[PDB]
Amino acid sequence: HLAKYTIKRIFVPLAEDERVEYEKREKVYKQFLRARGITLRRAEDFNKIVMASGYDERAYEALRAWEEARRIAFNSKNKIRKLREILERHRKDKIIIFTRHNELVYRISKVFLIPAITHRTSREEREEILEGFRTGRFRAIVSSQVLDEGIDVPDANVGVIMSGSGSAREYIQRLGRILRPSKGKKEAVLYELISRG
């Protein structure tokens, strides 16, 4: 019986060289949106359509733009610098990092020696990792795939959600259901890094 679950949404701005690049992409995108008379409050709802309407260089290069932006934000030098702190502040707990961005997963697992689980890895490899997790070896893991569906996942204490440019409402709840109150204290904390600034 948990007794102190607590969420924290951290807003990490972008790097110098980063804002510049990000902005130039989003420029091309927003132009496409207005050029097609679409409000941005409905992007991606729109991209969903752009996708089902076949190919159009025009429209697609815009989606390719939306890509880089999303990308940049996710891998912000700061996102890492920040993650670092979290990993340190919570070196005494079991952490579960999540990100819908495959690349980041690797960037992380390689920058901080954290075992990873993506839509590759394996089936036993995966498991293997989870057993190591629940028995020491390593106190954290980064994973691109969902961890509740089927997967058992050890009792984790802190969860981190490396978002790109927006808040992952769903994911937050999903993860928070998976976490487990600590031994003593029986608390839990969930972070969600979001580029912004």
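In this text, residue numbers run from 1 along the sequence as written.
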(message) If you take the mean CA temperature factor per stretch, which one wins between 146 to 154 and 62 to 70?
(response) 146 to 154
(message) Going by the mean C-alpha B-factor recorded in the entry, which is higher: 124 to 132 or 49 to 57?
(response) 124 to 132
(message) Looking at the temperature factor on the CA atom of residue 169, which third of the chain's modelled residues does it land in?
(response) highest
(message) How does the C-alpha B factor of residue 12 compare with the rest of the chain: lowest, middle or highest third?
(response) middle
(message) How does the C-alpha B factor of residue 102 compare with the rest of the chain: lowest, middle or highest third?
(response) highest
(request) Name the third of the chain's ranked CA B-factors that contains residue 2, choosing lowest, middle or highest. (result) highest
(request) Taking the chain's C-alpha temperature factors as the reference, tell me which third residue 77 falls into: lowest, middle or highest. (result) lowest
